[PDB]
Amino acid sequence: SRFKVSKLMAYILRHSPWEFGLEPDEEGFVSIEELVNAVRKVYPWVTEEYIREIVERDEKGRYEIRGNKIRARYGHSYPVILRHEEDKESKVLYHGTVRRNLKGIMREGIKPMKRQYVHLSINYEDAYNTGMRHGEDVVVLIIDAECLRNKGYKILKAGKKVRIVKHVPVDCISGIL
């Protein structure tokens, strides 16, 4: 199924490419032909055409293909430089978290995992569902994207709804939902 193969693709491209013999470049790209060979170790019926179809049909824009190169657009647990197109249009974004984090966030702002990027959403429901990954008592922060930009932060379009930014200062948190 598309779901099973996509879940494996996301694991390989975000978390464990070397386990499958793949060496991502600094931007997270691997050869799509080598990715097919890797995936076929688990699902031998997969084809390059199938992987390209998964990329084209993905509801979140999880993946990006350029020529012969494929990457995950977000969610890596290893260092990447993501030169995604800038979101210059959003006025408001959302960050899902858990209530226990408010104390720290209200003192320090939102910091990323591994000093990478903070993940934001254009959509409240997506932010809520993301926050549920860290606990049941979810709150969604409203982020003033214009004030982020005015402080010098570039907000990048990582997926259809996912946006990434280096840091969110407390001054740009405009509400809690």
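Start at 1 with the first residue shown and count on from there. Take the two forms, superpose them, and find the largest set of C-alpha atoms that agree within 1.5 Å; that set is the rigid core.
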Between 38 to 46 and 109 to 117, where do the CA atoms move more in 4 other deposited structures of this protein, taking the root mean square over the structures and residues after a core fit?
109 to 117
May I ask you to compare 42 to 50 and 112 to 120 by their mean CA B factor in the entry and name the higher one?
112 to 120
On average, are the C-alpha B-factors higher in 6 to 14 or in 151 to 159?
151 to 159
Which of these, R83, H95, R71, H76, has its C-alpha atom at the highest B-factor, as the entry lists it?
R83
Once the chain's modelled residues are ordered by C-alpha B factor and cut into thirds, is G135 in the lowest, middle or highest one?
highest
On the chain's distribution of Cα B-factors, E33 falls within the third called middle
Ordered by C-alpha B-factor within the chain, which third holds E146? Give me lowest, middle or highest, please.
highest
For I176, the third of its chain into which the C-alpha B factor falls:
lowest
C-alpha B factor of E125, ranked within the chain: lowest, middle or highest third?
highest
